[PDB]
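Enquirer: What follows is a structure written as structure tokens; I'll ask about it next.
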RNA sequence: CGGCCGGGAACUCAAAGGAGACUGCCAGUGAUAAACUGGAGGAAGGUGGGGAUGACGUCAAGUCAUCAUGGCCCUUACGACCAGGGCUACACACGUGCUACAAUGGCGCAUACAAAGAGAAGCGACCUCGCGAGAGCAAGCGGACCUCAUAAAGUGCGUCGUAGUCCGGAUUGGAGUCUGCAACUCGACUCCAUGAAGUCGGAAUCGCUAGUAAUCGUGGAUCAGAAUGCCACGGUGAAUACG
Ligand SMILES: [Mg+2]
Ligand SMILES: [Mg+2]
Ligand SMILES: [Mg+2]
Ligand SMILES: [Mg+2]
Ligand SMILES: [Mg+2]
Ligand SMILES: [Mg+2]
């Protein structure tokens, strides 16, 4: 373990939050409970949509929810089903008023939730893993990514011990708070174990 | 308008006004002798003025809040020197040799994680 | 020392007080409660206090004025 | 998590908001000095699992009774997890 | 000054000299000297028959020194014949008022018995 | 005559939110006092970072809440419409009274 | 200090007699940060000893410091610090009532200077002029 | 006689942007280079001090008990529900701590100086009764206004004049209060009375380089109720470094 988490420290510094509403000190717990409801159910229904990240916002007792993805065509659909049904069940959770938006994530391989969910979904497709690590390193490095590294953990290829073999190319100043860093973590579930993948992306200076 | 220096020291803050009258003491409408002029470190207010004639040459008026006794006393010690831009800058050579112009930086230290009092690693 | 203004007693034990007094010494009295405070009307009663597995046949004497059931029946076997 | 315990605490809220915070006037006004009519302390025994004294206020998503604080509801593990994933407005590591 | 028992306290302020007798302490001493109209900074020197028997009558308005001892004894006998939890701890030498029996009860349990 | 108290967290959010309510006030308004900074009663927390033992590994956090106050006295009906509909309420909530 | 030299961050001298040495002494006799109940005992003991010596004030303990000054164990700062420490911890052992008076009796026996202070001095001072081999 | 009404806008106060401390100029040493000593001014000197920030890896360290999770096991029972007892037992050892063993102390009276906090199912001023711990009334406060609240050592006076003492507070009897269905297994506090050992601690052992070491108060989180525990803040405020 031994490291601090990089996403929730660069907050007011170089990379803001993805949930910046305001709530009263009373019903804040039910507010974040409903936020977890929409996160879980949205990811569940948008399994194959490859959701990058989502923004919870409360614009004066409504809820604004923005969906950052590089893949908005499956979210939009034929303009009738795949947006207003989502805002409808969001409203149907607790009768709450809801607005909804999406946001295109340009350069569609430079989010770590995308990369880690790619490898997460590519494990159970019965391939080897070093190929996919090499793949993500090579293609995001040719298509940008001033720094990048990977980390996998646990039960690799049916082996006994949890080996890591983190793998890098670029420049990731982890202590340096100015560094533009995209980072997430996804989790797979194999037929014999649970693999954990961390992945660091270094965009730029400030 | 009046000749004024603020002055502050260790969670205190004074307000120091100078007239050219007589060096007797009003503090929060009270005597030096009724604050600590008999008690511990009584002449810490007198110490900068000692370098010149000071006895009855200038009225002094201090209003202070914050800290404790020596906090307010050091705030006075710094506030008098802060208010000494009345006459000139050019009496302050031996005042710098006294070093009284130096705003105190010996601030207290926070209680840290896993410790009892701020540097105190517990026994094992 | 305790129980400021009006003590606290039990529903079913309170009922069984009259169920034994107005209907004679049928059995020992069976309660799963250890709470109520002894009043002098209860003199001449075999009641039971359950300790965790087992009942004790408590008889009440005159000088049990402000005293209590589980205070009479400890629940720890020693040695 | 013991979803059984979760459903228990659901019942602990659901029986609470029916009787109590509204029928507590019996303890408030009538179980109080008005100078007797002791039938109210005779009636004092209630179904009694509607009391919030028997409510633990566990974690929300996980139901752990530790890590909890009423300001956030989730345990300190999920506090760190969400707080490092973002997930809370105006929250970051303290520094002085 | 053979008051209230065997104690003849001497050369004391009366506010502590009345604590000096068993069954009577500080607040009782202050109340007795208030009821007798006696200053706190006096000595037992220059004491008279009135200053004996007024004090003894005002304290004989209170439970003192013999009947208090056998009242403690009768309470203990009442708890032992009761056979309550508290009576059992009084009869077997264990801390009654809700302490832990495990560690550091040596006032009640005496010195260490190996 | 009015007590308009604004509430948010982020300082960079709230000061550029209130600059264009100060300018909206004294653009066509009357009797405007200035935005009050209202010291942040930020709340500190310290929680155990280990799931298991090591009490002495913890983690500290805080939440910083900024407020503002407006206090317009003159009934400037000319600019009460100018203050309406230019809310753009980007996560700021107010309470208003005397 | 494996690496650094001192700077010996200084202090403020005495209020009345203006001795930085006496200020260091009330810093010595201070426990738990009480200069006031230090200095009341200090000035009361010194005003007793001034009458009980019939001499001046500052020489009255300059005598009492020079006569309890040892040689080695050495530098004069540790000499006149350990001297005052010796007087304090000598007066701590006495069976008298108050601190000022037991300090006064210690300084009296250090005036007719066969006191417990020079008794404490003349064990290390006894190793001096008797073990002059080591260097 | 209270910042209290007309107010001032300058100072405290509080949050936004700038400055500033970088070996940036001076002498000597230094290959002519980073660097060391000293000086100037500067509130601040070579990280200004302090938190956050913990590389590859070792320790198959711990965590299937927050949760996810492979495999195993049970599945009219290791599952589900209620009442009640029990982690708070006690022949003993050790760790973490608390309060004292006293006069720099304890008491009684008069007595001035802060900080960061919390608060709506919450905080609770003011008055009246009880010596007091409590009860009723209701102002205000979603909060720099109102509440927690008049902090303590400190200073003067008078004191106890070395004792197990007016030090110390356990243990225990009684009488209380408030909480909560609930105080026996269990609490918190007031009072009356009791006054054990303990007069400075064997071998060993812990921390600490400046506002710290030590001492004295306070606030919070947990909670319906507790702190000597944890987190945080303030008052006073040392010694020594030849090595
Ligand atoms: Mg479960
Ligand atoms: Mg509870
Ligand atoms: Mg760093
Ligand atoms: Mg284990
Ligand atoms: Mg160091
Ligand atoms: Mg502690």
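Laboratory data are not the source of any read-out in this text; all were calculated from the coordinates shown. Cβ: placed from backbone, ideal geometry, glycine included. Neighbour counts: every protein chain shown.
Enquirer: Which three numbers, in whole Å and largest first, are the semi-axes of the equivalent ellipsoid of the protein assembly as shown derived from its Cα gyration tensor as √(5λ)? Present the calculation step by step, with values, prior to reporting the outcome.
Expert: Values: eigenvalues 802, 599, 242 Å².
Taking √(5λ) for each eigenvalue gives 63, 55, 35 Å, largest first.
Enquirer: Can you sort A:195, B:62, A:102 by how many other beta carbons sit within 10 Å, fewest first? Intermediate values should be presented prior to the final figure.
Expert: Numbers: A:195 19, B:62 23, A:102 16.
The fewest-first ordering by Cβ neighbours comes to A:102, A:195, B:62.
Enquirer: Could you work out the mean count of beta carbons from other protein chains within 10 Å of each residue's beta carbon in D:73-85?
Expert: Details: counts 6, 4, 2, 9, 5, 2, 4, 7, 3, 6, 10, 10, 11.
Per residue, the average neighbour count from other chains is 6.
Enquirer: For the pair residue A:94 and residue G:32, how long in nm is the line joining their label points, each one 7 Å along Cα→Cβ?
Expert: 5.3 nm
Enquirer: Sticking with this one: Need one number: nm distance between label points at residue E:40 and residue A:169, each 7 Å from Cα along Cα→Cβ, rounded to one decimal.
Expert: Going by the 7 Å Cα→Cβ label model, 8.9 nm.
Enquirer: Between segment C:1-59 and segment E:15-33, what is the C-alpha centre distance in whole Å?
Expert: Taking the Cα centre of segment E:15-33 as reference, the centre of segment C:1-59 is 44 Å away.
Enquirer: Express as a percent, rounded to the nearest 5, the fraction of DSSP beta bridges in chain B (both residues included) that run antiparallel. Display every interim value, and only then the final one.
Expert: Working: 10 of 11 bridges.
If we restrict to bridges inside chain B, about 90 percent are antiparallel.
Enquirer: On to the next question. Could you work out, residue by residue across A:2-11, how many beta carbons of other chains sit within 10 Å of that residue's beta carbon, and then give the average as an integer?
Expert: Values: counts 0, 0, 4, 6, 1, 5, 13, 4, 1, 9.
Partner-chain Cβ atoms within 10 Å, mean over residues of A:2-11: 4.
Enquirer: Counting only DSSP beta bridges with both residues in chain A, tell me the antiparallel percent, nearest 5. Don't skip to the end; give the middle numbers.
Expert: Numbers: 20 of 26 bridges.
Roughly 75 percent of the beta bridges in chain A run antiparallel, per DSSP.
Enquirer: Right, another one. How big is chain B by the Kirkwood estimate over distinct Cα pairs, in Å?
Expert: Working: mean 1/r = 0.0632 Å⁻¹.
Taking the inverse mean of 1/r over all distinct Cα pairs, chain B comes out at 15.8 Å.
Enquirer: Rounded, prolate or oblate: which fits chain G when a ≥ b ≥ c are the square roots of the eigenvalues of the alpha-carbon gyration tensor, with rounded for a/c under 1.5 and prolate only if a/b beats b/c? Could the numbers behind the result be given before it?
Expert: Values: a/c = 1.86, a/b = 1.20, b/c = 1.55.
Oblate is the answer for chain G, as a/c is 1.5 or above yet b/c matches or exceeds a/b.
Enquirer: To continue, here is another question. Under the classification rounded if a/c is under 1.5, otherwise prolate if a/b is larger than b/c and oblate if not, where does segment G:56-95 fall, given a ≥ b ≥ c as square roots of the Cα gyration tensor eigenvalues?
Expert: Note, shape of segment G:56-95 comes out oblate.
Enquirer: Treating the angle as unsigned and between 0 and 90°, give the value, to the nearest 10°, between the Cα long axis of helix A:84-94 and the longest Cα principal axis of chain A.
Expert: 70 degrees
Enquirer: Can you show me the helix-derived [θ] at 222 nm for chain E, built from DSSP H runs with n ≥ 4 at -39,500 (n - 2.57) apiece and divided by the number of residues, rounded to the nearest 500.
Expert: On the way: 6 runs with 55 residues, N = 114.
Result for chain E, helices only: -13500 deg cm²/dmol.
Enquirer: Something else now. Tally the DSSP beta bridges in segment A:16-106 and give the antiparallel ones as a percent, rounded to 5.
Expert: On the way: 3 of 9 bridges.
Of the beta bridges lying entirely in segment A:16-106, close to 35 percent run antiparallel.
Enquirer: Helix-only estimate, please: 222 nm mean residue ellipticity of chain A, summing -39500 (n - 2.57) across DSSP H runs of length 4 or more and dividing by its residues, to the nearest 500. Write out the running numbers ahead of the final one.
Expert: Details: 5 runs with 58 residues, N = 206.
Rounded to the nearest 500, it is -8500 deg cm²/dmol.
Enquirer: Now for a different question. Under a GNM of chain F (C-alpha, springs under 10 Å), which listed residue has the highest mean-square fluctuation: F:52, F:66, F:11?
Expert: The residue that fluctuates most here is F:52.
Enquirer: Compute the angle between helix A:112-123 and the longest alpha-carbon principal axis of chain A, please, reported from 0 to 90 degrees and rounded to the nearest 10.
Expert: Helix A:112-123 and the main axis of chain A meet at about 60 degrees.
Enquirer: Run the numbers for residue D:49 and residue D:36: contour at 0.36 nm per residue of separation, minus the present Cα-Cα distance, in nm.
Expert: Working: separation 13, 0.36 × 13 = 4.68 nm, distance 2.86 nm.
Roughly 1.8 nm would be gained on extension.
Enquirer: In addition: So how do A:89, C:60 line up by other beta-carbon neighbours within 10 Å, fewest first?
Expert: Numbers: A:89 14, C:60 19.
Ordered by Cβ neighbours within 10 Å, fewest first: A:89, C:60.
Enquirer: Give the separation of the Cα centroids, segment B:1-68 to segment A:10-31, in Å.
Expert: Using only Cα atoms to place each centre, the spacing works out to 49 Å.
Enquirer: Please give the FRET efficiency for residue A:43 paired with residue B:4, using the beta carbon to beta carbon distance and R0 = 60 Å, rounded to the nearest 0.05. Could the numbers behind the result be given before it?
Expert: Numbers: r = 64 Å, r/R0 = 1.06.
It comes out at approximately 0.40.
Enquirer: Inside 10 Å of the C-beta atoms of F:42-52, what's the mean count of C-beta atoms belonging to other chains? Kindly include the intermediate steps, with their values, before the conclusion.
Expert: Working: counts 2, 4, 2, 8, 3, 9, 5, 5, 2, 4, 0.
Counting Cβ atoms of other protein chains within 10 Å of each residue's Cβ and averaging gives 4.
Enquirer: Rounded to the nearest 500, what is the 222 nm mean residue ellipticity of chain D from helices alone, with -39500 (n - 2.57) per DSSP H run of 4+ residues and division by all residues? Working shown, then result.
Expert: Details: 4 runs with 30 residues, N = 96.
The helix-only estimate for chain D comes to -8000 deg cm²/dmol at 222 nm.
Enquirer: Moving on to the next point. If each residue's Cβ is checked for other Cβ atoms within 10 Å, how do E:72, B:80 rank with the fewest at the top? All intermediate terms of the calculation are to be shown ahead of the outcome.
Expert: On the way: E:72 10, B:80 23.
By the 10 Å Cβ count, ascending, the order reads E:72, B:80.
Enquirer: Helix B:69-83 against the longest principal axis of chain B: what's the angle in degrees, Cα atoms only, rounded to the nearest 10?
Expert: Once rounded, one gets 50 degrees.
Enquirer: If you don't mind, another one. In nm, to one decimal, how far is the residue A:9 label point from the residue F:11 one, both placed 7 Å along Cα→Cβ?
Expert: Once both label points are built, they end up 2.1 nm from each other.
Enquirer: Further, regarding this structure: Using r as the Cβ-Cβ distance of residue A:82 and residue F:41, and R0 as 35 Å, what FRET efficiency do you calculate, to the nearest 0.05? Mind dumping the intermediate values first?
Expert: Details: r = 44 Å, r/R0 = 1.25.
In this case the efficiency is close to 0.20.
Enquirer: Within segment D:30-60, find all residues whose amide N lies under 11 Å from a label point positioned 7 Å from the Cα of residue C:11 along Cα-to-beta-carbon.
Expert: Counting only backbone N, you get D:43-49.
Enquirer: If you average the C-alpha positions of segment B:74-96 and of segment A:113-138 separately, how far apart do those two centres end up, in angstrom?
Expert: Each part reduced to its Cα centre gives a spacing of 71 Å.
Enquirer: Between residue F:89 and residue A:146, take the C-beta separation as r, use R0 = 35 Å, and let me know the FRET efficiency to the nearest 0.05.
Expert: Values: r = 37 Å, r/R0 = 1.06.
Efficiency computed from Cβ-Cβ geometry: 0.40.
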